[PDB]
Amino acid sequence: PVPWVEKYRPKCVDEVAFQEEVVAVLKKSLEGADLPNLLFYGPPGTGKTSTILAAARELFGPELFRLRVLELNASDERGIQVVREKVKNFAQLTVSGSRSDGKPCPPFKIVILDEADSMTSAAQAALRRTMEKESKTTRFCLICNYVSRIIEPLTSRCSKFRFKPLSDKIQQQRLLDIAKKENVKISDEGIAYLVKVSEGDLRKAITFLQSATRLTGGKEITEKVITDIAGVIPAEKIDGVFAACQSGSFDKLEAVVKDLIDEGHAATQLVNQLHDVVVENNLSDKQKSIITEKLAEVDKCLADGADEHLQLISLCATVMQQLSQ
Amino acid sequence: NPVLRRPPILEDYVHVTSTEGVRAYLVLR
Amino acid sequence: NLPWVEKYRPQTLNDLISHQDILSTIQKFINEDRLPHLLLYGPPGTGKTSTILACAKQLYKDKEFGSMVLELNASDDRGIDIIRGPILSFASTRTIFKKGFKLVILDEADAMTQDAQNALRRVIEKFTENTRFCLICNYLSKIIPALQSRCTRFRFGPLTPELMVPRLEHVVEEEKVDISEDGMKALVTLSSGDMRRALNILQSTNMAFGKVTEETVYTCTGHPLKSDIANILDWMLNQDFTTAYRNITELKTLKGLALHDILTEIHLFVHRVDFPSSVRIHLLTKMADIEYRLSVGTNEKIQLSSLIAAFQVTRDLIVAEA
Amino acid sequence: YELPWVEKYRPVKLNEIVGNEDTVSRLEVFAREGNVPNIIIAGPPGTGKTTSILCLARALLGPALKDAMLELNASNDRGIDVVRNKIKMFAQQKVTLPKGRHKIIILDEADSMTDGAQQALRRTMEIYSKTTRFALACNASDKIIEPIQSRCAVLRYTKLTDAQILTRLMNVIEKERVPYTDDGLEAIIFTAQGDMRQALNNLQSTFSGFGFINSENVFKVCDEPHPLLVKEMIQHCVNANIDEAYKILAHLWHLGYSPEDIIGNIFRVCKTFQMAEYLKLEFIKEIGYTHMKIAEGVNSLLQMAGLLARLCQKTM
Amino acid sequence: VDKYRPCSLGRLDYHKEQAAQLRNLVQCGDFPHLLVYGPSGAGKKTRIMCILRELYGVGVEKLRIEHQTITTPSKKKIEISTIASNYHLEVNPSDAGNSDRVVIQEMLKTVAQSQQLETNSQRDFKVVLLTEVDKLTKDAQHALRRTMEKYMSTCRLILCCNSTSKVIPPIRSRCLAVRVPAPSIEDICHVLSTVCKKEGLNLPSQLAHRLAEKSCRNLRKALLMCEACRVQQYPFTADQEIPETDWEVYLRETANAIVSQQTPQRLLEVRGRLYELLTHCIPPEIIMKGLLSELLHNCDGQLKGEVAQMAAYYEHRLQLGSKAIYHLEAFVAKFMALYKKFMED
Ligand SMILES: Nc1ncnc2c1ncn2[C@@H]1O[C@H](COP(=O)(O)OP(=O)(O)OP(O)(O)=S)[C@@H](O)[C@H]1O
Ligand SMILES: Nc1ncnc2c1ncn2[C@@H]1O[C@H](COP(=O)(O)OP(=O)(O)OP(O)(O)=S)[C@@H](O)[C@H]1O
Ligand SMILES: Nc1ncnc2c1ncn2[C@@H]1O[C@H](COP(=O)(O)OP(=O)(O)OP(O)(O)=S)[C@@H](O)[C@H]1O
Ligand SMILES: Nc1ncnc2c1ncn2[C@@H]1O[C@H](COP(=O)(O)OP(=O)(O)O)[C@@H](O)[C@H]1O
Ligand SMILES: [Mg+2]
Ligand SMILES: [Mg+2]
Ligand SMILES: [Mg+2]
């Protein structure tokens, strides 16, 4: 059991790089022993969960880590009743602040809510009501992707801590450090393409590098294993699709669509990469608008559960209509 | 009527161009 | 010490405001001993629990409030075991106290199922002369019409800011914090017509920074700024597609915005922008579709591009009409 | 300690029941024939499914009602044990009755029972058919199994028509000497939504509140979205207008109404609107689509604005 | 097609580099949760079989059938036919229309909290092979995600599926995605020549190419077509009547009846044919795919494209309702109105 996204979490708050302002404010809040307000938010892979776990480890220590820290996934537990019963069951246990090592521990238990922005308004209203139920003995920490998804009352009893996305130089630095630590043979171009396919995510990059070490088995990691583990459709397929739609008939469209489907490539990856291609190139505003609206409708239909081949042939019909006119 | 080429000088406005850039404006009132 | 709502909770029929016809009718019924089963429904934080607690402390003393009033709330699961459990056994009993009816305050009565509301309909119709229920709920339409047909309903609406600002002025005169005009405008706009969130936001602004202005409220709450949404709409209406997409995705990853909040603030903005009717219909249909597509849980960049797409078709049509 | 008008003016004979026509005539024939079969009474809630079999039983048994009549609601326990014990016990007692008289065991809300309860109710209805006659008041007759309804008659109750509710309400008004206006009667019809007990309860609520009947006093004690404003919103959506319709929608949204309440009043007004038939059907389809969005969990103001834009887009 | 399936990754005929990646994955420890996907008939079950062969000894090929009894929230005991062994457990949770969450909770609990018998032979984890996870509901996949989170230590899953857009991203992101493409026409012809030459057959290259092009790159269909062509007439010629599946040519005749006449009595006849197709238990997605392909074979003047969009839209409606005949007849009625409009002008 080697979870590299958990193994390479900095357990010390001084080991947290790039966020020393938030580290210093967290250290002041821990030493002040009166912390009613706490919130972490940012893009995934920024290590807000690792930062609050490092704060919990530097305050509670390893002995109280399994006692006064409770982590719950909000997206896994979107039901009302489970987060009513588990939070109350954890909060009702009266554990004093006395530590066997003699360190002064202030008397609160910490609660982590991972992906708390996935809740609805009524779920967060019931959550707030539970916060007002147990605002004394235990303390809470919400982790969300966007702070504007969180309803107002939960922003009243918390202090925000914004996270910048990590710059690609320190992303490549951390990836080469981890590859040197675990003796992983991968070139600089492989690291750059690995951070390209995982757009601003160190969790996805760490899991993809772990899977590359699993699938290569000691070999040098190439571009093919990276572009196949992430499921990335190669740019030759997208260029062939746009060549068929630009100058061709529906026989060519059905040929390239059947080739993509029988190659096993997912339609979600195709709509994402076709959106990425069509939002940057030199088409007209009307053509880009019609194609992107069709891509959004296609991804909605794929989320509903509609058949992918019919959606792809309708999407390629729309792209052919816009391009071949 | 709802689209004015000249700026309105007594209320707020929001600019709106196109691919050629004629720079129309829209009333915020 | 304590939160301001738990400090300054109203305890008198005159201390609750904007419900003067409702409070007058409740006082008229309770002076003549003709009070029916009550169903107070409305938005959160508009004075539903505190009104019936003021009426209970008018009816009963401090000593017999804990005996002839049973309170059930969100901590109690509302299924079919409760209605055949403590509330039936509470309603079907007499008391050694003065000869008056009992009282059951059932918070969040809209979360009961149709079978649970029918069983509660049986309990309500069986015992009337000794028990007067009080069901308080957010949505009237989530309960059955039989339950609406046996208990008298009362609509606890929102508080108009014209009537909301004297209580805010009273709590800013009693508690000395810095008060400006734009801070009060931000309070009465972001609070959305309920006193509970206004007092919570005011206390959080006092405890976090110390002064109450517009930008302090916006930074403490995280609400999207008006100039922020103005910049988003300007980028959608007078920039290129790749330029607008890159600018808005950098603003989303910087400011911490989300596309649902961008959607509702842009929806509030486009009814100020004097569009022609046809492009207004097109924008509203497209934005409602984007809201539903975000509700069903898809990728976010593609829906952002569809929003920019609708506004680019809009800007082409606006310039072509000019 | 005055009784509510729901139970105070409940009819005591079959001649006062205004709901059905053929079924009440069948009950009137059954009250003098004396060979009453086991019956199942189906219909919407609140249409009078248990103030009709009660009147039939009171006209049938008469002075021996208290010994030879068992009403079993869903108010008590609805397990299999109580139906096994109490119904069989009551059917096994003897009552000195005339030739064309039988005991009556009314089972209100007979649809919530399981398959075992009704498959034992088959034998309880078959065996004791000489002594007692069953009367199951069911909300939905499709949930009743086929062998139960094969051996028993099926009686159907419709939803109260607005003319019948008008006749009953004017009878209650003439009985209680209530001053009235026609606009107040229209308002109590609209807030009644076809249910008789809801109509009587709203009428007694506004009589205890304000007294004299007028259309402004009905909506002070009920506070639905006002049908004048909702009808103006539908009229603006049908007359190729989106700005005035959204102005009315924002006026009804800053009064704090939920999307569900506004869209329910939207459909209830659009039922009785005045326009073309195909436009009505397209509007009802769009309103149902938007209500599926709202009940799915999308309850923003933008969804109502999109509904208004789609209604304005259907009419060119 | 079952006698000569390759038992191990070294005996495969196509996709050698993916076999090398998978045997390197087996070659080390901490084998993660797999999500195997692709098109139907590509060889996903063959790859998963070879993975299970490499994961254990030679006893993987032992299989048995159990009829496990599940209990719903309603008191109802429902039998589920599981294909199990002493090293793994293969289940199809899609047979329960609404109780899929209960069976994927209970089988996960009885496979995780019940420890392995002899931990010297197998590893510390045993495999649960879910089959066809795409038609599971969203709350069922959420319960699958919860049970995968709770029991990572002793139960590591392999999810065989196709068209991964029906699968939610919170359960896709936790699993290593392995994509098995359908083999190329040259590789299908090569394995047809191998399966003919190892049983003494004289299949020419032209008939093999016609078999590969006719089967739409489905390898099981392209091998059962070869065996049916052997049985139908042994001396293999280049011009052979390839044995066509009955519902495919019935769909082609259905599209011919659609394009024949645009009258509502023909719509009633085609409703009868669609009802026959529906009652023959084939899914309406395959029906829409075959109908669209056979209508695009008989269309002209760019109208295909509009028809293509139309087909996708009604398939979307078919994924929102429960009675598929309304949506299928809406599609063919709109198509016949559009043809009548196209052929009239
Ligand atoms: N400031 C930092 N210093 C050092 N390592 C960091 C820093 N930020 C992130 N990391 C690394 O990034 C990894 C990912 O951390 P996570 O906490 O999973 O990211 P995240 O923000 O929680 O995204 P989620 O959990 O998917 S919402 C950690 O295990 C660290 O190794
Ligand atoms: N009319 C009012 N006048 C003054 N303060 C009010 C008024 N209504 C609400 N408040 C304040 O807001 C708080 C919330 O009121 P409550 O009635 O307890 O909430 P609610 O109306 O029951 O809505 P819930 O419980 O969230 S569903 C009170 O404790 C007061 O501090
Ligand atoms: N046709 C009618 N004529 C007169 N009063 C009626 C009529 N229909 C209903 N009522 C009144 O409405 C109430 C009838 O309610 P019930 O019959 O108890 O409800 P129900 O329709 O039987 O549905 P159940 O028993 O809950 S399944 C009484 O107050 C009657 O006076
Ligand atoms: N390397 C191979 N050699 C011979 N036959 C193969 C090989 N790979 C796949 N097949 C055949 O292809 C068919 C694919 O069946 P299956 O693996 O069940 O596909 P799916 O799982 O997509 O339904 C099988 O009948 C199998 O016999
Ligand atoms: Mg996280
Ligand atoms: Mg309350
Ligand atoms: Mg009744």
# chains A, B, ... in the order shown; residues from 1 in each chain; ligands from 1
call {"tool": "residues_near_ligand", "arguments": {"ligand": "ligand 6", "cutoff": "12 Å", "atoms": "only C-alpha atoms and all ligand atoms", "output": "MDAnalysis selection string"}}
result
(chainID A and resid 125:126 129 132) or (chainID C and resid 40:53 71:75 105:109 134:138 196)
call {"tool": "write_last_selection", "arguments": {"atoms": "N, CA and C atoms", "output": "CSV table (one decimal), in the first residue's frame"}}
result
chain,number,residue,atom,x,y,z
A,125,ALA,N,-27.1,24.3,4.4
A,125,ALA,CA,-27.9,24.9,5.4
A,125,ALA,C,-28.1,23.9,6.6
A,126,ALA,N,-28.3,22.6,6.4
A,126,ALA,CA,-28.3,21.6,7.4
A,126,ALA,C,-26.9,21.5,8.0
A,129,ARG,N,-26.4,24.4,10.3
A,129,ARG,CA,-27.2,24.1,11.5
A,129,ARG,C,-26.5,23.2,12.5
A,132,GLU,N,-23.7,25.2,14.1
A,132,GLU,CA,-24.3,25.9,15.3
A,132,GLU,C,-24.7,25.0,16.4
C,40,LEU,N,-46.4,27.7,9.6
C,40,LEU,CA,-45.6,28.9,9.2
C,40,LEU,C,-44.6,28.5,8.2
C,41,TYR,N,-44.7,29.1,7.0
C,41,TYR,CA,-43.9,28.7,5.9
C,41,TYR,C,-43.2,29.9,5.3
C,42,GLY,N,-42.0,29.8,4.9
C,42,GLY,CA,-41.3,30.9,4.2
C,42,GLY,C,-39.8,30.6,4.0
C,43,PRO,N,-39.1,31.7,3.6
C,43,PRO,CA,-37.6,31.6,3.5
C,43,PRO,C,-36.9,31.5,4.8
C,44,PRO,N,-35.7,30.9,4.9
C,44,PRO,CA,-35.0,30.8,6.2
C,44,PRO,C,-34.7,32.2,6.8
C,45,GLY,N,-34.7,32.2,8.1
C,45,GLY,CA,-34.2,33.4,8.8
C,45,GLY,C,-35.1,34.6,8.8
C,46,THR,N,-36.4,34.4,8.5
C,46,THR,CA,-37.4,35.5,8.5
C,46,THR,C,-38.2,35.6,9.7
C,47,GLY,N,-38.0,34.8,10.7
C,47,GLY,CA,-38.7,34.9,12.0
C,47,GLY,C,-39.8,33.9,12.1
C,48,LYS,N,-39.5,32.6,11.9
C,48,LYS,CA,-40.5,31.6,12.0
C,48,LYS,C,-40.5,30.9,13.4
C,49,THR,N,-39.3,30.5,13.9
C,49,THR,CA,-39.2,29.9,15.2
C,49,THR,C,-39.4,30.9,16.3
C,50,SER,N,-38.8,32.1,16.1
C,50,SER,CA,-38.9,33.1,17.2
C,50,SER,C,-40.3,33.7,17.4
C,51,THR,N,-41.1,33.7,16.4
C,51,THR,CA,-42.5,34.2,16.5
C,51,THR,C,-43.3,33.2,17.4
C,52,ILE,N,-43.2,31.9,17.1
C,52,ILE,CA,-44.0,30.9,17.8
C,52,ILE,C,-43.3,30.7,19.2
C,53,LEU,N,-42.1,31.0,19.4
C,53,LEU,CA,-41.5,30.9,20.8
C,53,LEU,C,-42.0,32.1,21.6
C,71,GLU,N,-40.5,20.2,21.4
C,71,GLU,CA,-39.8,20.7,20.2
C,71,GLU,C,-39.1,19.5,19.5
C,72,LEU,N,-39.4,19.4,18.2
C,72,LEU,CA,-38.7,18.4,17.3
C,72,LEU,C,-38.1,19.2,16.2
C,73,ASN,N,-37.0,18.8,15.7
C,73,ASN,CA,-36.2,19.6,14.7
C,73,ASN,C,-35.4,18.7,13.8
C,74,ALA,N,-34.5,19.3,13.1
C,74,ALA,CA,-33.6,18.5,12.1
C,74,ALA,C,-32.8,17.4,12.8
C,75,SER,N,-32.5,17.5,14.1
C,75,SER,CA,-31.8,16.4,14.7
C,75,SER,C,-32.6,15.1,14.8
C,105,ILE,N,-43.8,22.1,18.4
C,105,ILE,CA,-43.1,22.9,17.4
C,105,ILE,C,-42.3,21.9,16.6
C,106,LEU,N,-42.7,21.7,15.4
C,106,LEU,CA,-42.0,20.7,14.5
C,106,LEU,C,-41.2,21.5,13.4
C,107,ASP,N,-39.9,21.8,13.7
C,107,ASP,CA,-39.1,22.4,12.7
C,107,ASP,C,-38.8,21.6,11.5
C,108,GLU,N,-38.8,22.2,10.3
C,108,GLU,CA,-38.5,21.6,9.0
C,108,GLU,C,-39.6,20.5,8.7
C,109,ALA,N,-40.8,21.0,8.6
C,109,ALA,CA,-41.9,20.1,8.3
C,109,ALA,C,-42.1,19.7,6.9
C,134,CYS,N,-47.7,23.0,15.5
C,134,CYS,CA,-47.1,24.1,14.8
C,134,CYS,C,-46.0,23.5,13.9
C,135,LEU,N,-46.4,23.4,12.6
C,135,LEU,CA,-45.5,23.0,11.6
C,135,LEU,C,-44.9,24.2,10.8
C,136,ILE,N,-43.5,24.3,10.9
C,136,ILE,CA,-42.9,25.4,10.2
C,136,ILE,C,-42.0,24.8,9.1
C,137,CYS,N,-42.0,25.4,7.9
C,137,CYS,CA,-41.4,24.8,6.8
C,137,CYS,C,-41.0,25.9,5.8
C,138,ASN,N,-40.1,25.5,4.9
C,138,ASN,CA,-39.6,26.3,3.8
C,138,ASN,C,-40.5,26.4,2.6
C,196,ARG,N,-31.2,36.9,9.9
C,196,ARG,CA,-30.2,35.9,10.5
C,196,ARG,C,-28.9,36.0,9.8
call {"tool": "residues_around", "arguments": {"residues": "residue 293 of chain E", "least_positions_apart": "5", "cutoff": "12 Å", "atoms": "only C-alpha atoms", "output": "PDB file with N, CA, C and O atoms, in the first residue's frame"}}
result
ATOM      1  N   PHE A 250     -19.735  12.745 -45.907  1.00  0.00           N
ATOM      2  CA  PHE A 250     -20.100  12.007 -44.706  1.00  0.00           C
ATOM      3  C   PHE A 250     -19.567  10.582 -44.701  1.00  0.00           C
ATOM      4  O   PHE A 250     -19.573   9.942 -43.644  1.00  0.00           O
ATOM      5  N   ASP A 251     -19.115  10.072 -45.850  1.00  0.00           N
ATOM      6  CA  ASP A 251     -18.390   8.805 -45.862  1.00  0.00           C
ATOM      7  C   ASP A 251     -17.074   8.926 -45.105  1.00  0.00           C
ATOM      8  O   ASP A 251     -16.722   8.047 -44.309  1.00  0.00           O
ATOM      9  N   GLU A 254     -17.952   9.282 -41.337  1.00  0.00           N
ATOM     10  CA  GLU A 254     -18.275   7.993 -40.739  1.00  0.00           C
ATOM     11  C   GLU A 254     -17.048   7.099 -40.639  1.00  0.00           C
ATOM     12  O   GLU A 254     -16.934   6.326 -39.684  1.00  0.00           O
ATOM     13  N   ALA A 255     -16.107   7.227 -41.582  1.00  0.00           N
ATOM     14  CA  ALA A 255     -14.863   6.467 -41.509  1.00  0.00           C
ATOM     15  C   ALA A 255     -14.022   6.884 -40.308  1.00  0.00           C
ATOM     16  O   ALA A 255     -13.566   6.031 -39.537  1.00  0.00           O
ATOM     17  N   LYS A 258     -15.928   5.925 -37.007  1.00  0.00           N
ATOM     18  CA  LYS A 258     -15.811   4.494 -36.743  1.00  0.00           C
ATOM     19  C   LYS A 258     -14.392   4.113 -36.339  1.00  0.00           C
ATOM     20  O   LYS A 258     -14.207   3.236 -35.490  1.00  0.00           O
ATOM     21  N   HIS A 309     -21.609   7.125 -30.381  1.00  0.00           N
ATOM     22  CA  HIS A 309     -21.357   7.145 -31.822  1.00  0.00           C
ATOM     23  C   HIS A 309     -22.294   8.105 -32.544  1.00  0.00           C
ATOM     24  O   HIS A 309     -21.875   8.819 -33.465  1.00  0.00           O
ATOM     25  N   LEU A 310     -23.561   8.146 -32.128  1.00  0.00           N
ATOM     26  CA  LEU A 310     -24.518   9.078 -32.712  1.00  0.00           C
ATOM     27  C   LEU A 310     -24.176  10.519 -32.352  1.00  0.00           C
ATOM     28  O   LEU A 310     -24.308  11.424 -33.187  1.00  0.00           O
ATOM     29  N   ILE A 313     -21.112  11.442 -34.561  1.00  0.00           N
ATOM     30  CA  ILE A 313     -21.434  11.706 -35.962  1.00  0.00           C
ATOM     31  C   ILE A 313     -22.248  12.994 -36.095  1.00  0.00           C
ATOM     32  O   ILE A 313     -22.077  13.735 -37.070  1.00  0.00           O
TER      33      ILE A 313
ATOM     34  N   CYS E 216     -17.700  -5.339 -39.153  1.00  0.00           N
ATOM     35  CA  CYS E 216     -17.464  -4.031 -38.523  1.00  0.00           C
ATOM     36  C   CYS E 216     -16.472  -4.130 -37.362  1.00  0.00           C
ATOM     37  O   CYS E 216     -16.696  -3.585 -36.278  1.00  0.00           O
ATOM     38  N   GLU E 248     -29.752  -8.052 -38.194  1.00  0.00           N
ATOM     39  CA  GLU E 248     -29.099  -7.025 -39.005  1.00  0.00           C
ATOM     40  C   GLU E 248     -29.799  -6.853 -40.350  1.00  0.00           C
ATOM     41  O   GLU E 248     -30.109  -5.728 -40.766  1.00  0.00           O
ATOM     42  N   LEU E 251     -33.127  -5.293 -39.778  1.00  0.00           N
ATOM     43  CA  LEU E 251     -33.020  -3.840 -39.671  1.00  0.00           C
ATOM     44  C   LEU E 251     -32.822  -3.193 -41.037  1.00  0.00           C
ATOM     45  O   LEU E 251     -33.320  -2.087 -41.286  1.00  0.00           O
ATOM     46  N   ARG E 252     -32.086  -3.862 -41.929  1.00  0.00           N
ATOM     47  CA  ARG E 252     -31.922  -3.344 -43.286  1.00  0.00           C
ATOM     48  C   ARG E 252     -33.246  -3.350 -44.047  1.00  0.00           C
ATOM     49  O   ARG E 252     -33.576  -2.379 -44.741  1.00  0.00           O
ATOM     50  N   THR E 254     -36.099  -3.185 -42.532  1.00  0.00           N
ATOM     51  CA  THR E 254     -36.858  -2.155 -41.830  1.00  0.00           C
ATOM     52  C   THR E 254     -36.586  -0.774 -42.413  1.00  0.00           C
ATOM     53  O   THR E 254     -37.518   0.005 -42.651  1.00  0.00           O
ATOM     54  N   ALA E 255     -35.314  -0.465 -42.675  1.00  0.00           N
ATOM     55  CA  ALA E 255     -34.969   0.811 -43.295  1.00  0.00           C
ATOM     56  C   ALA E 255     -35.448   0.891 -44.740  1.00  0.00           C
ATOM     57  O   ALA E 255     -35.811   1.977 -45.213  1.00  0.00           O
ATOM     58  N   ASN E 256     -35.455  -0.241 -45.453  1.00  0.00           N
ATOM     59  CA  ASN E 256     -36.023  -0.269 -46.799  1.00  0.00           C
ATOM     60  C   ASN E 256     -37.525  -0.006 -46.773  1.00  0.00           C
ATOM     61  O   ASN E 256     -38.057   0.695 -47.644  1.00  0.00           O
ATOM     62  N   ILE E 286     -28.472  -0.054 -30.315  1.00  0.00           N
ATOM     63  CA  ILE E 286     -28.028  -0.799 -31.489  1.00  0.00           C
ATOM     64  C   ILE E 286     -29.048  -0.677 -32.611  1.00  0.00           C
ATOM     65  O   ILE E 286     -28.679  -0.634 -33.792  1.00  0.00           O
ATOM     66  N   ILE E 287     -30.336  -0.616 -32.262  1.00  0.00           N
ATOM     67  CA  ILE E 287     -31.394  -0.424 -33.250  1.00  0.00           C
ATOM     68  C   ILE E 287     -31.264   0.939 -33.919  1.00  0.00           C
ATOM     69  O   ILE E 287     -31.359   1.050 -35.147  1.00  0.00           O
ATOM     70  N   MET E 288     -31.010   1.989 -33.127  1.00  0.00           N
ATOM     71  CA  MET E 288     -30.815   3.327 -33.683  1.00  0.00           C
ATOM     72  C   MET E 288     -29.556   3.401 -34.536  1.00  0.00           C
ATOM     73  O   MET E 288     -29.552   4.058 -35.583  1.00  0.00           O
ATOM     74  N   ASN E 298     -28.826   5.037 -47.846  1.00  0.00           N
ATOM     75  CA  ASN E 298     -29.883   5.306 -48.815  1.00  0.00           C
ATOM     76  C   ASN E 298     -30.357   6.751 -48.727  1.00  0.00           C
ATOM     77  O   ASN E 298     -31.559   7.032 -48.761  1.00  0.00           O
ATOM     78  N   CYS E 299     -29.424   7.691 -48.612  1.00  0.00           N
ATOM     79  CA  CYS E 299     -29.740   9.111 -48.570  1.00  0.00           C
ATOM     80  C   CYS E 299     -28.811   9.880 -49.500  1.00  0.00           C
ATOM     81  O   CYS E 299     -27.747   9.385 -49.885  1.00  0.00           O
ATOM     82  N   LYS E 304     -28.490  13.579 -45.006  1.00  0.00           N
ATOM     83  CA  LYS E 304     -27.828  12.688 -44.052  1.00  0.00           C
ATOM     84  C   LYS E 304     -27.410  13.395 -42.781  1.00  0.00           C
ATOM     85  O   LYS E 304     -27.746  12.948 -41.674  1.00  0.00           O
ATOM     86  N   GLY E 305     -26.747  14.551 -42.947  1.00  0.00           N
ATOM     87  CA  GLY E 305     -26.228  15.286 -41.803  1.00  0.00           C
ATOM     88  C   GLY E 305     -27.317  15.706 -40.841  1.00  0.00           C
ATOM     89  O   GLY E 305     -27.228  15.428 -39.640  1.00  0.00           O
ATOM     90  N   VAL E 307     -30.262  14.303 -40.671  1.00  0.00           N
ATOM     91  CA  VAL E 307     -30.773  13.034 -40.165  1.00  0.00           C
ATOM     92  C   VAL E 307     -29.874  12.517 -39.058  1.00  0.00           C
ATOM     93  O   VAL E 307     -30.363  12.078 -38.004  1.00  0.00           O
ATOM     94  N   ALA E 308     -28.552  12.698 -39.229  1.00  0.00           N
ATOM     95  CA  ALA E 308     -27.588  12.248 -38.231  1.00  0.00           C
ATOM     96  C   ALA E 308     -27.818  12.950 -36.906  1.00  0.00           C
ATOM     97  O   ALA E 308     -27.971  12.281 -35.871  1.00  0.00           O
ATOM     98  N   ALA E 311     -30.960  11.661 -35.231  1.00  0.00           N
ATOM     99  CA  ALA E 311     -30.843  10.350 -34.606  1.00  0.00           C
ATOM    100  C   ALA E 311     -30.279  10.477 -33.205  1.00  0.00           C
ATOM    101  O   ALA E 311     -30.880   9.962 -32.247  1.00  0.00           O
TER     102      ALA E 311
END
call {"tool": "residues_around", "arguments": {"residues": "residue 87 of chain E", "least_positions_apart": "4", "cutoff": "12 Å", "atoms": "only C-alpha atoms", "output": "number ranges by chain"}}
result
E: 52-64, 83, 111, 116-119, 121-129, 155
call {"tool": "residues_near_ligand", "arguments": {"ligand": "ligand 4", "cutoff": "7 Å", "atoms": "only C-alpha atoms and all ligand atoms", "output": "list in words"}}
result
residues 1, 2, 4, 5, 6, 11, 12, 13, 14, 39, 40, 41, 42, 43, 44, 45, 46, 47, 191, 219 and 220 of chain E
call {"tool": "interface_residues", "arguments": {"of": "chain A", "to": "chain E", "cutoff": "6 Å", "atoms": "only C-alpha atoms", "output": "count of residues only"}}
result
13
